Amino acid sequence: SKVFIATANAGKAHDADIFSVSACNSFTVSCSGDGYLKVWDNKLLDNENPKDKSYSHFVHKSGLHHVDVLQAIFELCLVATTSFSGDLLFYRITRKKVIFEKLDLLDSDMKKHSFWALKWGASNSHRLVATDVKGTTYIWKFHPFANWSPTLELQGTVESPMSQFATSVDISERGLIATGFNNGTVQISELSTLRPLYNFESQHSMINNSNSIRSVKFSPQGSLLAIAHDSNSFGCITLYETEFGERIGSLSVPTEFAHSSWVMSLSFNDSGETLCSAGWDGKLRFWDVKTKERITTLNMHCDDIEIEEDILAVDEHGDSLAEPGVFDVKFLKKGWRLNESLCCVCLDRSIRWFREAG
Amino acid sequence: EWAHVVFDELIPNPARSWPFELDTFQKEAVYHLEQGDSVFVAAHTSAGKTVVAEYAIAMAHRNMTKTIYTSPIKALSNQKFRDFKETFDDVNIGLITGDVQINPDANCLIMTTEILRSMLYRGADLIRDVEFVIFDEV
Amino acid sequence: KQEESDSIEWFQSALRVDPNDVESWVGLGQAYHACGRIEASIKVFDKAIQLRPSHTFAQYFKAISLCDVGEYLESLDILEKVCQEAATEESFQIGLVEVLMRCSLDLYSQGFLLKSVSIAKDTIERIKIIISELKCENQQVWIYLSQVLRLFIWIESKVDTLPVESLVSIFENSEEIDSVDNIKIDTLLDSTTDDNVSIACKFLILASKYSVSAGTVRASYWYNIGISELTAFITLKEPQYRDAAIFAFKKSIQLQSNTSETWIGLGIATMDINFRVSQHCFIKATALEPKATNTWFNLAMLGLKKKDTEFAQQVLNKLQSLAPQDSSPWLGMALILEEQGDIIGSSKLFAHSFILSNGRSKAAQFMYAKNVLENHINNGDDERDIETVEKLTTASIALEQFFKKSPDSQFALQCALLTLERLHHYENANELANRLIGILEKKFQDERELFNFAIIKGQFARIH
Amino acid sequence: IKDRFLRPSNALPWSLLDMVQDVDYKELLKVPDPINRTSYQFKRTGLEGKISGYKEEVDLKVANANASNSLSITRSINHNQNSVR
């Protein structure tokens, strides 16, 4: 958890900003503002260009900003994504080309809502959670069989504690749901009952309204919750304890703040001992959960691309992309791609993969 | 409190086996290690002094204790790490340097002598379970 | 014969002939644990359990050895399963109680103040089950009960979750000092109009006194009684507990005068009556155990109590040269400098003490918050200054952590209201101001009380 | 112009706050910890070497020995401290 080596790379992957990424055992899927959905095969060989093993599908003219993938053993592989207009779209992945099957799982009354965020909950029935621009969270149960015959069953909704924009959502393996809002408030509710449990506000001050939750994550053990939020042009991370709902501390570094510009995404490793954060300042930082101390830092440059023709030094307006901000980051379990792995997407329209030494 | 200057029935349960046959000095080192004593080996390079180290690592692994390998050259730690990780199976290998830590909770840790001296002066808890310490390039 | 370093070779030799001998594995792991090789012992006990999954002593030993490296979840799971399997052996029950107590103490140390109280209640429940149903009793269980009963006094915001019924059941199921402190089960809860902190302190005293079996155990028994009475006297501030502590400490010193903690306790006990005897006791304690830095801090604070600034400064300089990682010397230096008249150095030392404390001292948090508030009231600042806002935020967090342990503190509540009104945090200010207004209303007929009430009401109107 | 120059607010700025705001030695000490001087000793009976019972006895080993005041290998372990360095 201290040495990371670059493994594979791909430049100019999309025609617009790559807003999110997700991964499973078989492949890595990314979305972008051009409206396409791309699949990157995880099982590669030596010195094989990742753009050779890639499959794209057009989804919506408006563009996409959220994506998630569900893989479970009959083998089903589902993808759910959200578009800029506010639609919720489900696709089934089948393999040696890749086949995209559009699924119509939402009824007519459920197609009038504008969705922002989404997340899959795998069985340990599978569940789907989503947030609304009005500040509501919806809970679904997914039934694949009745023979292939998928149905989505609505379980209930959770209203906003105060209404504000719901920006992020997560679900734990012990049956908890966390929702983040645009004023810095986080609500935690019970999965089996749909009744809220805790409600804590993480703002340094309320003099100005530039506080907003950007990411909420549950520990792999499920006993911890990490929150990334804004502090008027700074990025902050705070750790909470989910069994009783009390503040533990904060992650900070000289630059009371974790990042210099903004913290976009969070991610835990398999054991829940290390946390990684992605910053608008163009850095990845790794933290020790028990000691609350920084471990390592990675720097992003436009010159990291292996192929020199795919290096995007400037955008269409002439602004420099020498140190581009990171949109999203993801940990990959062992054996998906010996040791763990990591993936991230940046402002230079690149997708990058890393490997842990050991 | 003294120093002394110096097979199938003597050691019927060896902790490691090799395709070839060990030389006399290798057998003597293995036998005296099994009896429970310390050993000083002085031989030409590429005569097979790494067999003694490998046998010590395997023997400590059997007892469920730890081994530390040290050298005074900082450019040999990485080579030794790679070589030991290639040689051994079911035995973990780690590497400790000034900044990086790889597999801290391993069975065989590789470092330099200055790191070990700092650990000894600072009372590191790692030494609680260490049974053998190997000094190379004396 | 209890010479465990000599049996390691024999157990290894026995295992070299028959690698499937479970009893040899258990013996070898027990020898490693006795010699200070905890991780190797854990590996050996895991191997023994793998060979025979029905072995209960291997599981008990593995859980006990896992408790020694700070892995309480796995150890508690193993011990709960073992106690559910064989529920008639007292050894497993006492082991479970010990692991629960140690887990709660570690959680308190690491800042998880809310989980520690629940684990303390669970430990009390297990102790009650043991004492009542299993009809067993030894010194260890009472020692554990006394150790775990202090978390209800330290975390005073959760003292209302004290299991009084289980405690009276445990004490009812089971003379020289009873005339000094007058603590008796027959007349413990009789007196009304007292908080739960007093009840917890009395239960701690009773638990210390009930732990009865070359005269080392008797001396330790009297020392524990003295320490419990000292804690009760410090918390409640009543004369009758100081005399009981002095009695117990004198008896323990008579039984064995070679121990340093007894002299430390005796010095703390008489620290207000006679400073010469306290100084003598602290000096003897330093002589007996010279690698202890708390005696030097006690002596420096005693010097500060009688207004001897230079003596305290010299002792604190020595202490800083001896234990830099501690936060107490920095707090003492900051107090001396603040009394002298320096402002910048006092602020720097208070900040260093607060940072070094890492949430383990209430005094550090309170002093840091007071200093930050005192430097930024009429200093001519603007909301656009990032550093001032961050200082105020840190002070607010420190005061919240302080209130988790010692609520109903008037000065801390006033400082918290002053900071919150300036950070625009009005709901927390409303709650804290309601608490403070209730406190001041209960506390009141004088003149300064009315003026303080008027000022508090003005701030409370500002909050609305 | 009206919103930027002539709109009063109910949140008091720091200037008005500056205009209107007005701002035991034994509790600094550490009481020593309790001492326990007893333990279980497990006994065996038989050639197989199975544990037959246990008794509570006195242990001949200072009581609260940690890494700050003892050099013995049997002292307590502080797992919040770095175990490698």
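In order along the range B:22-33, the Karplus-derived 3J(HN,Hα) couplings, from 6.51 cos²θ - 1.76 cosθ + 1.60 at θ = phi - 60°, round to 6, 7, 5, 5, 5, 5, 4, 4, 4, 5, 6, 5 Hz, and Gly and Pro are given as x.
Amide H contacts under 5 Å for A:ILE351: A:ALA10, A:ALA13, restricted to partners 5 or more places along the chain or on a different chain, H placed in the peptide plane at 1.01 Å from N.
For the range B:36-42, 3J(HN,Hα) computed residue by residue from phi via the Karplus equation (6.51, -1.76, 1.60; θ = phi - 60°) reads x, 10, 8, 9, 10, 10, 10 Hz, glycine and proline entered as x. Size estimate for the protein assembly as shown follows the Kirkwood approach: the inverse of mean 1/r over distinct Cα pairs works out to 33.5 Å. Legend: mean number of C-beta atoms from other chains within 10 angstrom of residue C-beta atoms, peptide D:75-85, equals 6. Counting neighbouring Cβ atoms within 10 Å and putting the fewest first, the residues C:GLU289, A:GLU190 line up as A:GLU190, C:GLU289. Other residues whose C-beta falls under 9 angstrom from the C-beta of C:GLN401 contribute a net charge of +3, scoring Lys and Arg +1 and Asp and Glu -1. What number, rounded to the nearest 500 deg cm²/dmol, is the helix-based mean residue ellipticity at 222 nm of chain C, given -39500 (n - 2.57) per DSSP H run of at least four residues and division by all its residues? Computed ellipticity for chain C at 222 nm equals -23500 deg cm²/dmol. Dipole orientation for the protein assembly as shown: of the candidates A:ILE5, C:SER75, C:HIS376, C:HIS376 has the Cα lying most toward the positive pole (charges on Cβ; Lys, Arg +1; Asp, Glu -1). In chain B, helical runs assigned H by DSSP with n ≥ 4 each contribute -39500 (n - 2.57); averaged across all residues and rounded to the nearest 500, the mean residue ellipticity at 222 nm is -10000 deg cm²/dmol.
For the residues of D:16-23, the average number of beta carbons from a partner chain within 10 Å of their own beta carbon is 5.
Each listed q (0.09, 0.11, 0.12, 0.13 Å⁻¹) maps to a log10 I(q)/I(0) for chain A, found by the Debye formula over equal Cα scatterers with no solvent: -0.48, -0.74, -0.90, -1.07.
Excluding A:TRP140 itself, what net charge comes from residues whose Cβ is under 9 Å from its Cβ, given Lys and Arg +1 and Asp and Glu -1? Residues close to A:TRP140 contribute a combined charge of +1. For the peptides B:55-63, B:78-86, the ranking by packing is B:55-63, B:78-86, with the highest mean count of neighbouring Cβ atoms within 10 Å listed first. Rounded to the nearest 20, the Cβ-based charge dipole of chain C about its Cα centre (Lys and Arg +1, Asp and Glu -1) stands at 800 debye. Taking the charge dipole of the protein assembly as shown about its Cα centre, with +1 at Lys and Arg Cβ atoms and -1 at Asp and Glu Cβ atoms, the residue from A:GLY249, C:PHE57, C:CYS35 reaching farthest to the positive side is A:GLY249. A simple count of charges around A:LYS333, restricted to other residues whose Cβ falls under 10 Å of its Cβ and scoring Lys, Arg +1 and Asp, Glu -1, yields 0.
Considering only A:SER202, A:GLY272, A:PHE145, the residue lying farthest towards the positive end of the dipole of chain A is A:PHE145, judged by Cα position with unit charges set on Cβ. Amide H contacts for A:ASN42 (H built 1.01 Å from N in the peptide plane; partners 5 or more residues away or on another chain; cut-off under 5 Å): A:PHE27, A:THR28. The HN-Hα couplings worked out from phi for the range A:13-25 by the Karplus form 6.51 cos²θ - 1.76 cosθ + 1.60 (θ = phi - 60°) are 5, 10, 8, 8, 5, 8, 8, 8, 8, 8, 9, 9, 5 Hz, whole numbers, x standing for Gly and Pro.
Close amide H contacts of A:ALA6 (hydrogens built in the peptide plane, cut-off under 5 Å, sequence separation of 5 or more or a different chain): A:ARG355. Peptides D:33-45, A:229-241 ranked from most to least packed by the mean count of surrounding Cβ atoms within 10 Å: A:229-241, D:33-45.
For the segment D:40-49, counting C-beta atoms of other chains within 10 Å of every residue's C-beta and taking the mean gives 3. Descending by average beta-carbon neighbour count within 10 Å, the peptides C:106-112, C:58-64 line up as C:58-64, C:106-112, the highest first.
For chain B, the equivalent ellipsoid derived from the Cα gyration tensor has semi-axes of 25, 17, 16 Å, listed largest first. Stokes-Einstein diffusion for the range C:309-419, with the hydrodynamic radius set to the Kirkwood value over Cα pairs and evaluated at 4 °C in a medium of 1.567 mPa s, equals 88 µm²/s.
Neighbour counts run over all protein chains shown; Cβ positions are idealised from the backbone, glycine included. Read the figures in this text as sums done on the coordinates, not as results from a lab.
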